[PDB]
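A.B. asks: Before I ask anything, let me first share the structure, which is written out below as structure tokens.
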There are 2 protein chains.
Amino acid sequence: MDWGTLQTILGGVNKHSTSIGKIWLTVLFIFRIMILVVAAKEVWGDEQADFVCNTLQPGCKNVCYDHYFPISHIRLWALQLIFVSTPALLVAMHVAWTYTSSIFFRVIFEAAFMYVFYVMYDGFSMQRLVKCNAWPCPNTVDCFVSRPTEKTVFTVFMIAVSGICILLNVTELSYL
Amino acid sequence: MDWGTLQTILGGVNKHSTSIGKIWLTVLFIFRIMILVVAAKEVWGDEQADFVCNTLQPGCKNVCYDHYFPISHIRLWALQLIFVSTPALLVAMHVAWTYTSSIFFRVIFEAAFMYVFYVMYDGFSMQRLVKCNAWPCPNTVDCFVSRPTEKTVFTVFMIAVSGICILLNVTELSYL
């Protein structure tokens, strides 16, 4: 891939005691894109052949995999970014009803993804072994995970990023 | 093995217009012993590793094997013989309440084994493929058999033998 190949005329800088946010926020935008693609198919890209189930039950790997991973972290992120992406191309150029409502959209989205995330991954963690007692899964069986530490780390990162994103997003939203 | 190694003094033969049965019946006794041991562990002796089940279900071979073969033919025979065996050593020597009741026992046993047999192997046959839909056997699966023709043949034999056994057994039971 390659994303962004024309940014040369940016001599105009800020002078006020504000609009520091847009710097921080474009930086976090670009950042999160890199951070994503660089580790995109490279942490969670694997986790299909990595959910070993101690059994001889047919299918129970698939069963428990959806049971505990309806969706992977990186998708909720990918979405979180895209919904939080549309205000970016908006704020690309501003001076001359929406504009600040773009800022607010950007806030509330990111908030939503945080909440529903912690609803799903309660404990902000990756259990080393998830058991499973699904229908075909004849009793409570065991179902492993690879690299739970890893995924936990990058999750801590992205959530911290979400917090700072919103804090400057809102710190300039709160101009009154 | 070796069974029977002392029979020399049998010069006394029958002269009446009866007791032909005891000849026929001792012959059928000895016969069925040979017939058994010669093919004993040699037709049904195999059928443990011979009940292939098209599946990947664990255990479903054992499951369906008991399902369709609670017990093998040769056991019902083995029993049929033994219950029908005790009157033999009785009638070994006779001239001088039981004696004829031994004959009747010998009849009714053999009859019973015939009936319950056909209850179990209905159709006097060996199906080339028995399906199976047991609990672990996830859907209706297939479960093969080896040498069904063979076993069918020797079954036809033993049942015919049962018929003639009883017919002479009773033909001399019916003396009045």
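Chain identifiers are assigned as A, B, and so on, following the order in which chains appear in the structure tokens; residues are numbered from 1 within each chain, and ligands are numbered from 1 in order of appearance.
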Run DSSP on the backbone and grab whatever in stretch 48-167 of chain A lands in helix (DSSP H, G or I); send it over as a ChimeraX atom specification.
C.D. replies: /A:60-68,73-83,86-91,99-120,148-167
A.B. asks: Restrict the calculation to only C-alpha atoms, then for each residue of chain B with any atom at most 8 Å from an atom of chain A give the closest atom pair and their distance in Å to one decimal, rows by chain and rising residue number, as CSV.
C.D. replies:
residue,atom,partner,partner_atom,distance
B:56,CA,A:58,CA,7.9
B:57,CA,A:58,CA,7.8
B:58,CA,A:56,CA,7.3
A.B. asks: Could you give me, as a PyMOL selection string, the residues within 8 Å of residue A:142, counting only C-alpha atoms and dropping anything in the same chain fewer than 4 positions from it?
C.D. replies: chain A and resi 53-55+129-132
A.B. asks: Mind fitting chain A onto chain B over all Cα atoms in sequence order and sending the result as a PDB file with C-alpha atoms, in the first residue's frame?
C.D. replies:
ATOM      1  CA  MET A   1      -8.353 -79.224  21.529  1.00  0.00           C
ATOM      2  CA  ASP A   2      -9.516 -82.832  21.393  1.00  0.00           C
ATOM      3  CA  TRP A   3     -12.906 -84.110  22.555  1.00  0.00           C
ATOM      4  CA  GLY A   4     -13.820 -87.781  22.768  1.00  0.00           C
ATOM      5  CA  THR A   5     -11.076 -90.398  22.864  1.00  0.00           C
ATOM      6  CA  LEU A   6     -12.821 -93.505  24.199  1.00  0.00           C
ATOM      7  CA  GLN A   7     -15.605 -95.126  22.161  1.00  0.00           C
ATOM      8  CA  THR A   8     -14.856 -98.738  21.247  1.00  0.00           C
ATOM      9  CA  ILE A   9     -17.515-101.054  22.685  1.00  0.00           C
ATOM     10  CA  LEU A  10     -20.579-100.274  20.561  1.00  0.00           C
ATOM     11  CA  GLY A  11     -21.278-103.655  18.990  1.00  0.00           C
ATOM     12  CA  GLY A  12     -24.851-103.597  20.256  1.00  0.00           C
ATOM     13  CA  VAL A  13     -27.033-102.100  17.533  1.00  0.00           C
ATOM     14  CA  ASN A  14     -30.759-101.388  17.308  1.00  0.00           C
ATOM     15  CA  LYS A  15     -33.256-103.926  15.953  1.00  0.00           C
ATOM     16  CA  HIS A  16     -36.644-102.296  16.548  1.00  0.00           C
ATOM     17  CA  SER A  17     -38.500-100.046  14.125  1.00  0.00           C
ATOM     18  CA  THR A  18     -37.335 -97.059  16.185  1.00  0.00           C
ATOM     19  CA  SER A  19     -34.332 -95.618  18.051  1.00  0.00           C
ATOM     20  CA  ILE A  20     -33.045 -94.499  14.663  1.00  0.00           C
ATOM     21  CA  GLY A  21     -33.267 -91.019  16.176  1.00  0.00           C
ATOM     22  CA  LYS A  22     -30.546 -91.586  18.796  1.00  0.00           C
ATOM     23  CA  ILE A  23     -28.185 -92.469  15.945  1.00  0.00           C
ATOM     24  CA  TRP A  24     -29.171 -89.336  14.006  1.00  0.00           C
ATOM     25  CA  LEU A  25     -29.039 -87.206  17.171  1.00  0.00           C
ATOM     26  CA  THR A  26     -25.662 -88.327  18.485  1.00  0.00           C
ATOM     27  CA  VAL A  27     -24.405 -87.825  14.930  1.00  0.00           C
ATOM     28  CA  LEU A  28     -25.873 -84.306  14.842  1.00  0.00           C
ATOM     29  CA  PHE A  29     -24.366 -83.660  18.276  1.00  0.00           C
ATOM     30  CA  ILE A  30     -20.830 -84.694  17.279  1.00  0.00           C
ATOM     31  CA  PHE A  31     -21.343 -83.003  13.918  1.00  0.00           C
ATOM     32  CA  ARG A  32     -22.382 -79.647  15.396  1.00  0.00           C
ATOM     33  CA  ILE A  33     -19.371 -79.801  17.706  1.00  0.00           C
ATOM     34  CA  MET A  34     -16.983 -80.269  14.771  1.00  0.00           C
ATOM     35  CA  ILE A  35     -18.892 -77.808  12.566  1.00  0.00           C
ATOM     36  CA  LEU A  36     -18.579 -75.333  15.410  1.00  0.00           C
ATOM     37  CA  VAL A  37     -14.923 -75.669  16.424  1.00  0.00           C
ATOM     38  CA  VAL A  38     -13.728 -75.936  12.842  1.00  0.00           C
ATOM     39  CA  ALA A  39     -15.374 -72.631  11.917  1.00  0.00           C
ATOM     40  CA  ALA A  40     -15.689 -71.370  15.490  1.00  0.00           C
ATOM     41  CA  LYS A  41     -13.205 -68.491  15.809  1.00  0.00           C
ATOM     42  CA  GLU A  42     -12.957 -68.454  12.095  1.00  0.00           C
ATOM     43  CA  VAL A  43     -16.058 -66.672  10.740  1.00  0.00           C
ATOM     44  CA  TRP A  44     -17.333 -64.593  13.667  1.00  0.00           C
ATOM     45  CA  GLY A  45     -13.980 -64.746  15.457  1.00  0.00           C
ATOM     46  CA  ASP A  46     -12.892 -61.709  13.435  1.00  0.00           C
ATOM     47  CA  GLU A  47     -15.829 -59.359  13.615  1.00  0.00           C
ATOM     48  CA  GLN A  48     -14.512 -56.611  15.859  1.00  0.00           C
ATOM     49  CA  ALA A  49     -12.164 -54.941  13.349  1.00  0.00           C
ATOM     50  CA  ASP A  50     -14.678 -55.446  10.556  1.00  0.00           C
ATOM     51  CA  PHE A  51     -17.510 -52.969  11.248  1.00  0.00           C
ATOM     52  CA  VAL A  52     -16.167 -49.916   9.408  1.00  0.00           C
ATOM     53  CA  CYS A  53     -18.152 -46.732  10.129  1.00  0.00           C
ATOM     54  CA  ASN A  54     -17.980 -43.937   7.566  1.00  0.00           C
ATOM     55  CA  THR A  55     -17.577 -41.035   9.968  1.00  0.00           C
ATOM     56  CA  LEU A  56     -15.176 -39.100  12.096  1.00  0.00           C
ATOM     57  CA  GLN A  57     -17.288 -39.664  15.202  1.00  0.00           C
ATOM     58  CA  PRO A  58     -15.278 -41.121  18.105  1.00  0.00           C
ATOM     59  CA  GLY A  59     -16.561 -44.455  19.370  1.00  0.00           C
ATOM     60  CA  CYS A  60     -19.416 -44.677  16.858  1.00  0.00           C
ATOM     61  CA  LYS A  61     -18.055 -48.015  15.654  1.00  0.00           C
ATOM     62  CA  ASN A  62     -18.418 -49.472  19.154  1.00  0.00           C
ATOM     63  CA  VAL A  63     -21.765 -47.713  19.591  1.00  0.00           C
ATOM     64  CA  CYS A  64     -23.323 -49.028  16.397  1.00  0.00           C
ATOM     65  CA  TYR A  65     -21.607 -52.396  16.802  1.00  0.00           C
ATOM     66  CA  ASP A  66     -23.446 -53.087  20.018  1.00  0.00           C
ATOM     67  CA  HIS A  67     -26.487 -51.351  18.526  1.00  0.00           C
ATOM     68  CA  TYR A  68     -26.804 -53.902  15.731  1.00  0.00           C
ATOM     69  CA  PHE A  69     -24.738 -56.720  17.260  1.00  0.00           C
ATOM     70  CA  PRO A  70     -25.617 -56.941  20.915  1.00  0.00           C
ATOM     71  CA  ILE A  71     -24.358 -60.529  20.547  1.00  0.00           C
ATOM     72  CA  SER A  72     -22.948 -62.504  17.643  1.00  0.00           C
ATOM     73  CA  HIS A  73     -24.665 -65.490  16.050  1.00  0.00           C
ATOM     74  CA  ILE A  74     -22.091 -67.995  17.243  1.00  0.00           C
ATOM     75  CA  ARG A  75     -22.820 -67.253  20.904  1.00  0.00           C
ATOM     76  CA  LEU A  76     -26.529 -67.875  20.558  1.00  0.00           C
ATOM     77  CA  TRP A  77     -25.462 -71.088  18.900  1.00  0.00           C
ATOM     78  CA  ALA A  78     -22.898 -71.968  21.573  1.00  0.00           C
ATOM     79  CA  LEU A  79     -25.609 -71.547  24.184  1.00  0.00           C
ATOM     80  CA  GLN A  80     -28.228 -73.337  22.055  1.00  0.00           C
ATOM     81  CA  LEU A  81     -25.868 -76.312  21.908  1.00  0.00           C
ATOM     82  CA  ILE A  82     -24.997 -76.294  25.620  1.00  0.00           C
ATOM     83  CA  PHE A  83     -28.598 -76.098  26.837  1.00  0.00           C
ATOM     84  CA  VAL A  84     -29.352 -78.784  24.238  1.00  0.00           C
ATOM     85  CA  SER A  85     -26.182 -80.635  25.394  1.00  0.00           C
ATOM     86  CA  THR A  86     -27.210 -81.860  28.856  1.00  0.00           C
ATOM     87  CA  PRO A  87     -29.757 -84.428  27.531  1.00  0.00           C
ATOM     88  CA  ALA A  88     -26.930 -85.956  25.439  1.00  0.00           C
ATOM     89  CA  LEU A  89     -24.773 -87.192  28.317  1.00  0.00           C
ATOM     90  CA  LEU A  90     -28.042 -88.342  29.896  1.00  0.00           C
ATOM     91  CA  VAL A  91     -29.057 -90.486  26.895  1.00  0.00           C
ATOM     92  CA  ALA A  92     -25.499 -91.926  26.769  1.00  0.00           C
ATOM     93  CA  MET A  93     -26.958 -95.075  28.403  1.00  0.00           C
ATOM     94  CA  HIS A  94     -30.641 -95.643  29.117  1.00  0.00           C
ATOM     95  CA  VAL A  95     -32.023 -99.187  29.513  1.00  0.00           C
ATOM     96  CA  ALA A  96     -33.064-100.529  32.908  1.00  0.00           C
ATOM     97  CA  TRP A  97     -39.405 -89.087  35.574  1.00  0.00           C
ATOM     98  CA  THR A  98     -36.530 -87.476  33.682  1.00  0.00           C
ATOM     99  CA  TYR A  99     -35.594 -89.622  30.689  1.00  0.00           C
ATOM    100  CA  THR A 100     -38.295 -88.551  28.238  1.00  0.00           C
ATOM    101  CA  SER A 101     -38.444 -85.109  29.851  1.00  0.00           C
ATOM    102  CA  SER A 102     -34.800 -84.794  28.777  1.00  0.00           C
ATOM    103  CA  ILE A 103     -36.023 -85.370  25.214  1.00  0.00           C
ATOM    104  CA  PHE A 104     -38.703 -82.701  25.663  1.00  0.00           C
ATOM    105  CA  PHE A 105     -36.202 -80.235  27.185  1.00  0.00           C
ATOM    106  CA  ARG A 106     -33.988 -80.812  24.160  1.00  0.00           C
ATOM    107  CA  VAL A 107     -36.950 -79.956  21.921  1.00  0.00           C
ATOM    108  CA  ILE A 108     -38.162 -76.807  23.615  1.00  0.00           C
ATOM    109  CA  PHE A 109     -34.726 -75.240  24.094  1.00  0.00           C
ATOM    110  CA  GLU A 110     -33.822 -75.494  20.411  1.00  0.00           C
ATOM    111  CA  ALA A 111     -37.262 -74.073  19.578  1.00  0.00           C
ATOM    112  CA  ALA A 112     -36.633 -71.102  21.877  1.00  0.00           C
ATOM    113  CA  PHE A 113     -33.276 -70.283  20.305  1.00  0.00           C
ATOM    114  CA  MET A 114     -34.916 -70.401  16.881  1.00  0.00           C
ATOM    115  CA  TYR A 115     -37.654 -67.951  17.858  1.00  0.00           C
ATOM    116  CA  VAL A 116     -35.547 -65.395  19.740  1.00  0.00           C
ATOM    117  CA  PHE A 117     -33.008 -65.636  16.944  1.00  0.00           C
ATOM    118  CA  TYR A 118     -35.480 -64.657  14.257  1.00  0.00           C
ATOM    119  CA  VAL A 119     -36.725 -61.922  16.592  1.00  0.00           C
ATOM    120  CA  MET A 120     -33.219 -60.485  16.515  1.00  0.00           C
ATOM    121  CA  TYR A 121     -31.986 -61.380  13.037  1.00  0.00           C
ATOM    122  CA  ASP A 122     -35.227 -60.721  11.291  1.00  0.00           C
ATOM    123  CA  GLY A 123     -35.072 -61.722   7.637  1.00  0.00           C
ATOM    124  CA  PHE A 124     -32.619 -64.624   8.208  1.00  0.00           C
ATOM    125  CA  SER A 125     -29.884 -62.297   6.783  1.00  0.00           C
ATOM    126  CA  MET A 126     -26.706 -60.149   6.960  1.00  0.00           C
ATOM    127  CA  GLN A 127     -27.163 -56.625   5.624  1.00  0.00           C
ATOM    128  CA  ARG A 128     -24.155 -55.439   3.629  1.00  0.00           C
ATOM    129  CA  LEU A 129     -24.415 -51.969   5.187  1.00  0.00           C
ATOM    130  CA  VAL A 130     -26.172 -51.016   8.402  1.00  0.00           C
ATOM    131  CA  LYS A 131     -26.597 -47.307   8.918  1.00  0.00           C
ATOM    132  CA  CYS A 132     -26.657 -45.886  12.416  1.00  0.00           C
ATOM    133  CA  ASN A 133     -27.990 -42.750  14.079  1.00  0.00           C
ATOM    134  CA  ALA A 134     -26.956 -43.354  17.721  1.00  0.00           C
ATOM    135  CA  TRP A 135     -26.430 -40.395  20.210  1.00  0.00           C
ATOM    136  CA  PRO A 136     -22.675 -39.818  19.541  1.00  0.00           C
ATOM    137  CA  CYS A 137     -23.223 -41.005  15.976  1.00  0.00           C
ATOM    138  CA  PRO A 138     -24.009 -37.483  14.911  1.00  0.00           C
ATOM    139  CA  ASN A 139     -26.464 -38.081  12.072  1.00  0.00           C
ATOM    140  CA  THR A 140     -27.497 -41.277  10.379  1.00  0.00           C
ATOM    141  CA  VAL A 141     -24.034 -42.618   9.573  1.00  0.00           C
ATOM    142  CA  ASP A 142     -22.979 -45.712   7.620  1.00  0.00           C
ATOM    143  CA  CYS A 143     -21.479 -48.773   9.328  1.00  0.00           C
ATOM    144  CA  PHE A 144     -20.150 -51.629   7.199  1.00  0.00           C
ATOM    145  CA  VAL A 145     -19.895 -55.388   7.645  1.00  0.00           C
ATOM    146  CA  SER A 146     -17.463 -57.953   6.285  1.00  0.00           C
ATOM    147  CA  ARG A 147     -18.459 -61.371   4.914  1.00  0.00           C
ATOM    148  CA  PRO A 148     -22.243 -60.959   5.405  1.00  0.00           C
ATOM    149  CA  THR A 149     -22.846 -63.654   2.782  1.00  0.00           C
ATOM    150  CA  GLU A 150     -20.612 -66.111   4.666  1.00  0.00           C
ATOM    151  CA  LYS A 151     -22.350 -65.684   7.998  1.00  0.00           C
ATOM    152  CA  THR A 152     -25.723 -65.928   6.284  1.00  0.00           C
ATOM    153  CA  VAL A 153     -24.697 -69.311   4.801  1.00  0.00           C
ATOM    154  CA  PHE A 154     -23.602 -70.879   8.058  1.00  0.00           C
ATOM    155  CA  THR A 155     -26.696 -69.510   9.753  1.00  0.00           C
ATOM    156  CA  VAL A 156     -28.894 -71.242   7.149  1.00  0.00           C
ATOM    157  CA  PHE A 157     -27.009 -74.422   7.975  1.00  0.00           C
ATOM    158  CA  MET A 158     -27.366 -74.252  11.751  1.00  0.00           C
ATOM    159  CA  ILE A 159     -31.070 -73.432  11.548  1.00  0.00           C
ATOM    160  CA  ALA A 160     -31.709 -76.354   9.193  1.00  0.00           C
ATOM    161  CA  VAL A 161     -29.787 -78.528  11.655  1.00  0.00           C
ATOM    162  CA  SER A 162     -32.042 -77.241  14.434  1.00  0.00           C
ATOM    163  CA  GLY A 163     -35.113 -78.241  12.434  1.00  0.00           C
ATOM    164  CA  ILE A 164     -33.925 -81.797  11.841  1.00  0.00           C
ATOM    165  CA  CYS A 165     -32.646 -82.163  15.417  1.00  0.00           C
ATOM    166  CA  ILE A 166     -36.106 -81.355  16.701  1.00  0.00           C
ATOM    167  CA  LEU A 167     -37.942 -83.383  14.068  1.00  0.00           C
ATOM    168  CA  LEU A 168     -36.290 -86.656  15.074  1.00  0.00           C
ATOM    169  CA  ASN A 169     -36.092 -85.628  18.740  1.00  0.00           C
ATOM    170  CA  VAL A 170     -39.879 -85.269  18.622  1.00  0.00           C
ATOM    171  CA  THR A 171     -40.585 -88.104  16.180  1.00  0.00           C
ATOM    172  CA  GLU A 172     -39.251 -90.414  18.897  1.00  0.00           C
ATOM    173  CA  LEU A 173     -40.774 -88.237  21.628  1.00  0.00           C
ATOM    174  CA  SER A 174     -44.156 -88.891  19.965  1.00  0.00           C
ATOM    175  CA  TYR A 175     -44.104 -92.646  20.630  1.00  0.00           C
ATOM    176  CA  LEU A 176     -47.303 -92.716  22.721  1.00  0.00           C
TER     177      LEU A 176
END
A.B. asks: Could you please write out, as a PDB file with N, CA, C and O atoms, in the first residue's frame, every residue of chain B that DSSP assigns to strand (DSSP E or B)?
C.D. replies:
ATOM      1  N   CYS B  53     -17.145 -47.789  10.099  1.00  0.00           N
ATOM      2  CA  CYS B  53     -18.153 -46.732  10.129  1.00  0.00           C
ATOM      3  C   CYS B  53     -17.619 -45.502   9.406  1.00  0.00           C
ATOM      4  O   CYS B  53     -16.637 -44.887   9.835  1.00  0.00           O
ATOM      5  N   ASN B  54     -18.283 -45.150   8.309  1.00  0.00           N
ATOM      6  CA  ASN B  54     -17.979 -43.937   7.566  1.00  0.00           C
ATOM      7  C   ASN B  54     -18.352 -42.739   8.422  1.00  0.00           C
ATOM      8  O   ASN B  54     -19.518 -42.335   8.478  1.00  0.00           O
ATOM      9  N   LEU B 129     -24.691 -53.219   4.494  1.00  0.00           N
ATOM     10  CA  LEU B 129     -24.414 -51.968   5.187  1.00  0.00           C
ATOM     11  C   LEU B 129     -25.557 -51.644   6.126  1.00  0.00           C
ATOM     12  O   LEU B 129     -26.693 -51.455   5.682  1.00  0.00           O
ATOM     13  N   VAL B 130     -25.242 -51.532   7.411  1.00  0.00           N
ATOM     14  CA  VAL B 130     -26.172 -51.016   8.402  1.00  0.00           C
ATOM     15  C   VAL B 130     -25.810 -49.562   8.660  1.00  0.00           C
ATOM     16  O   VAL B 130     -24.652 -49.242   8.956  1.00  0.00           O
ATOM     17  N   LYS B 131     -26.782 -48.678   8.491  1.00  0.00           N
ATOM     18  CA  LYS B 131     -26.597 -47.307   8.918  1.00  0.00           C
ATOM     19  C   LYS B 131     -26.723 -47.241  10.430  1.00  0.00           C
ATOM     20  O   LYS B 131     -26.904 -48.252  11.108  1.00  0.00           O
ATOM     21  N   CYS B 132     -26.628 -46.035  10.973  1.00  0.00           N
ATOM     22  CA  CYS B 132     -26.657 -45.886  12.416  1.00  0.00           C
ATOM     23  C   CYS B 132     -26.795 -44.415  12.746  1.00  0.00           C
ATOM     24  O   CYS B 132     -26.124 -43.576  12.149  1.00  0.00           O
ATOM     25  N   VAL B 141     -25.300 -42.294  10.196  1.00  0.00           N
ATOM     26  CA  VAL B 141     -24.034 -42.618   9.574  1.00  0.00           C
ATOM     27  C   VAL B 141     -24.140 -43.997   8.942  1.00  0.00           C
ATOM     28  O   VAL B 141     -25.140 -44.697   9.081  1.00  0.00           O
ATOM     29  N   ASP B 142     -23.095 -44.393   8.222  1.00  0.00           N
ATOM     30  CA  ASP B 142     -22.979 -45.712   7.620  1.00  0.00           C
ATOM     31  C   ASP B 142     -22.051 -46.555   8.483  1.00  0.00           C
ATOM     32  O   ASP B 142     -21.084 -46.027   9.041  1.00  0.00           O
ATOM     33  N   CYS B 143     -22.348 -47.848   8.607  1.00  0.00           N
ATOM     34  CA  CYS B 143     -21.478 -48.773   9.328  1.00  0.00           C
ATOM     35  C   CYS B 143     -21.470 -50.130   8.640  1.00  0.00           C
ATOM     36  O   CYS B 143     -22.491 -50.823   8.610  1.00  0.00           O
ATOM     37  N   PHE B 144     -20.308 -50.506   8.109  1.00  0.00           N
ATOM     38  CA  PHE B 144     -20.150 -51.629   7.199  1.00  0.00           C
ATOM     39  C   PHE B 144     -20.151 -52.961   7.945  1.00  0.00           C
ATOM     40  O   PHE B 144     -20.176 -53.024   9.177  1.00  0.00           O
TER      41      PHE B 144
END
